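**Student:** The structure that follows is given in the form of structure tokens.
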Amino acid sequence: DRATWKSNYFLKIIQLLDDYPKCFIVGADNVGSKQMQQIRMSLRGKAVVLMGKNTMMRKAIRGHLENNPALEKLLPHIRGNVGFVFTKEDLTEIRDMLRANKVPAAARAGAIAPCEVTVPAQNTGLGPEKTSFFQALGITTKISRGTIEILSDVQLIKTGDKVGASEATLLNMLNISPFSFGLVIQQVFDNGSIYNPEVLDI
Amino acid sequence: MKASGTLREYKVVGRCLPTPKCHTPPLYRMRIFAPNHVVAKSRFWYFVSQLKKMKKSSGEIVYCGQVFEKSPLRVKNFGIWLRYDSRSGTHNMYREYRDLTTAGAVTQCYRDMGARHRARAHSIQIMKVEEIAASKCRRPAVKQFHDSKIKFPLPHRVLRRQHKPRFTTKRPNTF
Amino acid sequence: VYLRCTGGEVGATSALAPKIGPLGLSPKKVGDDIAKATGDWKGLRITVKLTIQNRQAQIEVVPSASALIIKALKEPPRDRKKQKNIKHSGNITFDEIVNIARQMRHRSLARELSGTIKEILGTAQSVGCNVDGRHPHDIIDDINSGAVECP
Amino acid sequence: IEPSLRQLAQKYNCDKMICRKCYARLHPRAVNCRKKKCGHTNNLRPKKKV
Amino acid sequence: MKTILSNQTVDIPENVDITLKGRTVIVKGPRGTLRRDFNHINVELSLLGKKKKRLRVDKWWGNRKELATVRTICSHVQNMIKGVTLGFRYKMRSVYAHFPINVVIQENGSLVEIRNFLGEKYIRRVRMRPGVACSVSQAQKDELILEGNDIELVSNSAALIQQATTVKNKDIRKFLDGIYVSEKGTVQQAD
RNA sequence: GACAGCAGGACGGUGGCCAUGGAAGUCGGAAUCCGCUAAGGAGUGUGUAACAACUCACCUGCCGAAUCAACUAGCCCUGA
Ligand SMILES: [Mg+2]
Ligand SMILES: [Mg+2]
């Protein structure tokens, strides 16, 4: 394997470069597989997102075909988890700002960015018992009519702090929205243009 | 073979006897390494008896000649093919040696196979000897002797065991 | 909304789901009895149940799972009383019924528009998997119809 | 009971590979018994948990 | 296979200075000085650069174990440079059982005295190395800070502490008690 | 642009199928595909009784040029 398969991947990238001359550079450092399924099945009717290896440094060979303008400006842009978004329709600057959607409350131990998490006093709706996590961290709780209320108002995880496993599970059981982060558009390419998005595009 | 001292390269040719069933034998040819030509003739009979239907009585040796080196003043690279017989079973082997002459390289081959693999001269059968060029050597030792502007000193060089008197006030500084 | 994937008979042999339920206190036996009436006649086999509650009620929605309705497309009914001859008979055609089934598959596949779902539901089965005169390994490279007519 | 300190004590006392021949505590990513009493064998097993 | 020379490259920062009379290395810096002897290894040590400070560790023919040994010189030179620029700080949290451990310093931080030790009555006195200081940390329960220059001396003092705190004649899976090395770092942060 | 190292992902059909003392990849029996694809093996293990967390094959970011596996025989070591 990985010879005819890589040649077929090169056929796919030469098909997309000969089909769609307009591209969007994106980065997906914090992303999940269900999140990518959501993004693809939300962007079926429009532009196609393609990631890849260092084999994405292929526009040099595409220039060695001797069929191009000065397209080699996009070569140092593929650094540090960089993917392409090939389009044909727009010609319209409303894409990805009306479509930049947040992540539906994905929690995992290992994140520090960007903010703090506070827990208001509210009827949590927790069944028996779900008190071992509150006892492992330290939270004053009182039991009203069957839902459990929290008597105090403290901050669990501050900025720059590593999320723990028990903290992630208690945030998942309390359903308070954790850190959520999607892809970031970084560079626009439209027919040999050099866009400087601080702040020019859209 | 004893392989006493340095080895020598011999071109030995031999044929069958002229018989009424078959005249003009094909007059075969080999390249025998031996300390002298008598051992070259006998090892020639050994190899030709193992290869084809030949023995000493129904055959003869036409010519036995010393083969001198084509370029003794050139440091060359030789690949040697080996059919030695170990304690368990025989094996095939490719070795490389950087040396001046072919007889010296095959001499180093016999001495090194006696050193490392404990192989006597009874078991070592030289299959083929070929001068190989640069950038084709498989061995890292000869590949790292392949260096232009090579630099190395001689650290801790002690010598002259009791050529000096046995009793002195000296204390020899090395290098 | 509570989810549960269990079904043989109705049961109620001192064994149930409740855990989230007794915080709202609406079922203890009445919800299990209404689940009988909402699961009558369809069928005698494992289903997926989700119950919606608004302080006094049990709304029993059955989301039709794909493999469960593929098993339900066998010869009915077989629950007990001379079972086990043996487990995997499965002689069905499913000419258009699996086609109507992935027409009913809404927002649960993350799918292409009926392009390769024929391959998906042809190779995702275990007992039947074809009309009796061909092979599903051939269906992998057979007719690509329906992908125009469904959208 | 400080479960982070319990994980630290398990890191320094529990997650080790014990050899079946020389009976020597080596390392969690060990390959051979470093002791010369068995012959540097690779007959290893993880330390037993509850 | 009698491999020809192997060389290791060491950059030396301008905060510190190196001086060698042979295989003996003397590194002087802001946080004291440190000298060591490499007499039993026989590897050439040369330096170059007019205030550029490029050390080279060069070894000729040798053997395979000795080509393994030539990297150890470069690594201990890097350890001496880090110890004379930044220093070594080991933070040891007292992972303690039902009985707490009373850790005090007695003679100017050079004598760690351990008490109450899983209910054992015997007061456990541990003497440290000349060249390492000890303290009880602030804003943290039963954390023990060991600060010094020589990594061998500091980590051998920490090894003596963690082997003095050892459960005897019992299961050591249960009774997870002892003063273990939690964090290894430097004194000057942000570097 | 590999080997090791650090960081991230490791899904949808599907809690698939034979089982109900559980199986929702993880005692077991038979198998074995498609989509998204950057990639996920109807799953190599650890577990919580199971439902869930962790990890691995596989994939991608930095690094930078040699790396990995199985046999074989000479010395030495264990077996002694
Ligand atoms: Mg006992
Ligand atoms: Mg012996």
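Using Swiss-Prot numbers, chain C covers 13-163, in order.
According to its header, this structure was worked out by electron microscopy, 3.6 Å.
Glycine is treated like the rest: Cβ placed from N, Cα and C.
Swiss-Prot feature annotations, pasted as is:
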type: CROSSLNK; residues: C:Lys40; note: SUMO2 cross-link
type: CROSSLNK; residues: C:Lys48; note: ubiquitin cross-link
type: CROSSLNK; residues: C:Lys83; note: ubiquitin cross-link
type: MOD_RES; residues: C:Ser38; note: phosphoserine
type: MOD_RES; residues: C:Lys54; note: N6-acetyllysine
**Student:** Which one is it: of the recorded positions C:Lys48, C:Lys54, C:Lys83, whose Cα lies the shortest distance from the Cα of C:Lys40 (SUMO2 cross-link)?
**Tutor:** C:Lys48
**Student:** Quick one: pull the CA-CA distance for the residue listed as 'phosphoserine' versus C:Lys48 (ubiquitin cross-link), whole Å only.
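**Tutor:** About 16 Å separate the Cα atoms of these two residues.
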**Student:** Round to a whole number and give the Cα-to-Cα distance in Å for the pair C:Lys83 (ubiquitin cross-link) and C:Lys48 (ubiquitin cross-link).
**Tutor:** 21
**Student:** Using the alpha carbons only, what distance in Å do you get between C:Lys54 (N6-acetyllysine) and C:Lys48 (ubiquitin cross-link) once rounded?
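**Tutor:** Spelling it out, the Cα of C:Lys54 (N6-acetyllysine) and the Cα of C:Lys48 (ubiquitin cross-link) are 10 Å apart.
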**Student:** Taking each of the recorded positions C:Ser38, C:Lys48, C:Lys83 in turn and counting other Cβ atoms within 10 Å of its Cβ, which one has the fewest?
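**Tutor:** C:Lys48, out of the recorded positions C:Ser38, C:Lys48, C:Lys83, has the fewest neighbouring Cβ atoms within 10 Å.
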**Student:** Near chain B by Cβ (under 8 Å): which of the recorded positions C:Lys48, C:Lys54, C:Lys83?
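**Tutor:** Answer, by Cβ distance to chain B: none.
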**Student:** Which secondary structure state does DSSP assign to the residue listed as 'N6-acetyllysine', in the simple three-class scheme?
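**Tutor:** Assignment for the residue listed as 'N6-acetyllysine' reads coil.
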**Student:** What does DSSP say about C:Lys83 (ubiquitin cross-link): helix, strand or coil?
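**Tutor:** Once the DSSP labels are grouped into three classes, C:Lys83 (ubiquitin cross-link) ends up as helix.
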**Student:** What is the Cβ neighbour count of C:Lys54 (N6-acetyllysine) at a 10 Å cut-off, with all protein chains included?
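**Tutor:** Taking every protein chain into account, the count is 13.
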